[PDB]
Every structure is written in structure tokens, then in C-alpha cells.
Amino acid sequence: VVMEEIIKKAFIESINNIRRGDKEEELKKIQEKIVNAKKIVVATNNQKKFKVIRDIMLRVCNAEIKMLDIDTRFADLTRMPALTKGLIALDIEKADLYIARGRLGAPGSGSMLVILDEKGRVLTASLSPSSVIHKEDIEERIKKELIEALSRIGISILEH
């Protein structure tokens, strides 16, 4: 069943006041979109943030993965920089998923990593404190944010 249909049903539940959380069928659909993706676009500058994310994604899918270099001055004055980044990618490349990483909200708010589908829907995301608290190397943070973003919707990065 198409994604549009599963979503119309969750919306009807809410109108009729009987919506009692996320459903199994919904999680399954999000899993499918991710593992069967054919094209993925990652929004970063920097050839080594790209490498951490590409090596993790090749473990869950058989997709072509392309970097896209976003002049970030055009995202970091918006209300929600990471989310802005993914949508910039959405407008200028055809793909099945878009992954981006940046400031969550107002300055001092820390990090967000987010995954969008081909219509801009937020499928999953992950968060980190300001580096002034967690004090980890940016590469190591990206790894953890990705692994948790995949696992909270049911995709394990371990051997099957």
C-alpha cells in the first residue's frame, strides 16, 4: 500500500479522536523506503562528513550516494538550519532520500541530523548537545546521531 494511503488513515484517526500512537504498518513503510532507496543525497560541505554517512548507509541499502555542497550562509540565518539544509537539497537534486546535519534551532540549541523522503516528509531525526558540553570530535558525533536515527524507526546497523 502507498504512503499517501497509510497517512490518510492516521489523519482520519486524529479527526475521529481515536489515534493511539504510531502503528506497526507505518514503521514498516518507513523501513521499506530507506532500505529500497536507489538514490540518496547528503547535504554537507566537507569530504569527510560525507564519508562517515556514506559508509553507514551502504550497510543498510544498495544505493548510489552523492554529496551536495550547500553554501551554509544560506541556511544558518533561518529558524531551523538542519531542516532548511535538507529542503535546499530537495529543490535541486532528484533522489529518494535526503540526509542533512546542522544547528537544530536558535544559536546555542545544539545539533540535529534529519532524513527526508522525496516530498519533504520528515521520516526520522537525531540530536546532540552543543560541543561545548559533549566535547566529542564532529566525526564521532555524526556516527552516533545516524545510528540512533535509523534504530528508532527499526533499522539495525548490526549483522543479520
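Note that residue numbering follows the sequence shown and begins at 1.
Engineer: Mean Cα B factor from the PDB record: higher for 106 to 114, or higher for 49 to 57?
Structural biologist: For C-alpha atoms only, the mean B-factor is higher in 49 to 57.
Engineer: For the stretches 8 to 16 and 141 to 149, which has the higher mean C-alpha B-factor as given in the deposited record?
Structural biologist: So the stretch with the higher mean C-alpha B-factor is 141 to 149.
Engineer: Split the chain's modelled residues into thirds by Cα B-factor; is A100 in the lowest, middle or highest one?
Structural biologist: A100: CA B-factor falls in the lowest third of its chain.
Engineer: Could you look up the Cα B-factor of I133 in the entry and say which third of the chain it sits in: lowest, middle or highest?
Structural biologist: It falls in the top third of the chain.
Engineer: What third of the chain, by the recorded C-alpha B-factor, contains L27?
Structural biologist: Its C-alpha B-factor, which the entry lists for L27, ranks in the middle third among residues of this chain.
Engineer: Comparing against every modelled residue in the chain, figure out the third that the C-alpha B-factor of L127 lands in (lowest, middle or highest).
Structural biologist: For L127, the deposited C-alpha B-factor lands in the middle third.
Engineer: Using only modelled residues of the chain, where does the Cα B factor of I92 rank: lowest third, middle third or highest third?
Structural biologist: It belongs to the lowest third of the chain when residues are ordered by C-alpha B-factor.
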